[PDB]
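Only one chain is shown below, in structure tokens, and it's the form deposited without the ligand.
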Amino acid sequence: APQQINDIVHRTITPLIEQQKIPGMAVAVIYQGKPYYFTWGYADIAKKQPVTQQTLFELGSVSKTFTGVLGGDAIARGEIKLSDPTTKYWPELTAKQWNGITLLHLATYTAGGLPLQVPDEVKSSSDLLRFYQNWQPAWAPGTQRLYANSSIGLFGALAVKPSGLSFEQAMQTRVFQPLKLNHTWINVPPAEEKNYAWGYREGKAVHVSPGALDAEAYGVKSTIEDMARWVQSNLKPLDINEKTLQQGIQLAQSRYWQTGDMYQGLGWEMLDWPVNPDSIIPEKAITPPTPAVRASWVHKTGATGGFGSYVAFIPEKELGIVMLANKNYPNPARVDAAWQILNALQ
């Protein structure tokens, strides 16, 4: 790798690993449209199995970028419109509080205080319907953002419906396959388990628990190579041959909502570039949404019990980074490390 990349990556990530006691990490830097890979530590501590470029990590909430782009690919196809009411895709949602709640609201976390997590007791499809039917907004829809899995989880599940495909299959056939993300999974196959890192919560080896709407919100697993490829695809959508997927990516980076200095996209979140880490670490809709601004810090954090992940990229600079850890360390530390690297190479 270019020495200048080697230099900052090693000086930045290595101590980050020791401070946070991360068992294993993989990093990718996208520099002038090429990826460079870095690996440290262990995917499985007990078996002394090292992290490689083949290692699967849980992406957690970074999954939502796939979801957003898939939702975006659906808008481009004409299958859905953000303005569509929720009840158009789930007529069974008859309770009056859903009157006027739209896909936009769901996608942007502005439905009115949908909760952080779908409650644990929700297991069946009828549990899920009962949960949303009995939920009462904490404030008016369309007025105030509260980040929520039960919000973007629902959006992704609804956005696939016109297509007739399950969310898992829309995701695989419209997003994963056309971008050759051949080692990116919602469900890891038996033969890939040897590549699936263990996550580490309080010293014990864990893996993400099944939960309702887990696929849509936090359940993707991927390798550093595929995630680098995911960043290349979002950095340069124009290289993508499939037109709806090209527009889908672009729409995901539109700005639909501003809160403080942050802009809500579909999955992706954004800040005007340049910004300093402190600001990465006034509340209103943007109508119509601002088309994607190339001078942006486009990013997303992700966590599960045993994993911490981060992706960020600046389109203007054709620059990006992916950091995948099998331990869930604090988000500020991720944004500090990444900004240091991208800023050094800017």
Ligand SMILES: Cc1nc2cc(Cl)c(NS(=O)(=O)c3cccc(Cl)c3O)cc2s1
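The first residue of the shown sequence is 1; numbering continues from there.
- Deposited sequence between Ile286 and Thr287: no residues lack coordinates (chain continuous).
- Mean C-alpha B-factor is higher over 35 to 43 than over the other stretch, the pair under comparison being 305 to 313 and 35 to 43.
- Two stretches are in play, 81 to 89 and 155 to 163, and the higher mean C-alpha B-factor belongs to 81 to 89.
- The PDB entry gives the largest Cα B-factor of the residues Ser233, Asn241, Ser222, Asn149 to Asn241.
- Sorting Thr143, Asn187, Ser126, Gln264 by the CA temperature factor given in the entry leaves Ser126 at the top.
- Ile321: CA B factor in the lowest third of modelled residues in this chain (values from the PDB entry).
- Per the PDB record, residue ranking by Cα B-factor puts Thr108 in the lowest third of the chain.
- Remark: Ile8 belongs to the lowest third of its chain, ranked by C-alpha B-factor as recorded.
- Ranked against the other modelled residues of its chain, the C-alpha B-factor of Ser61 as given in the entry falls in the lowest third.
- In the PDB entry, a CA B factor belonging to the highest third of its chain's modelled residues is recorded for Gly203.
Here the subject shifts to the form solved in complex with the ligand, a form of this protein not shown in this document.
- Against the ligand in the bound PDB entry, the set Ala43, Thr55 and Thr223 makes no contact: no member has a heavy atom within 4.5 Å.
- Residues with any non-hydrogen atom within 4.5 angstroms of the ligand in the bound PDB entry fall in just one of 65 to 73, 312 to 320, 47 to 55, 294 to 302: 294 to 302.
- With a 4.5 Å cutoff on heavy atoms, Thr39 does not count as touching the ligand in the bound PDB entry; it lies far away.
- A residue is said to contact a partner when one of its heavy atoms sits within 4.5 Å of a partner heavy atom; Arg201 meets this definition for the ligand in the bound PDB entry.
- Looking at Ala140, you'd find every heavy atom of it more than 4.5 angstroms from the ligand in the bound PDB entry.
- In the bound PDB entry, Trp230 stays away from the ligand, with no heavy atom inside 4.5 Å.
- Residue-level contacts in the bound PDB entry: of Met270, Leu106, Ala217, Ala252, one residue has a heavy atom within 4.5 Å of the ligand, and it is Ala217.
- Residue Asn149 is the only one of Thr102, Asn149, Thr184, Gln264 with a heavy atom lying within 4.5 Å of the ligand in the bound PDB entry.
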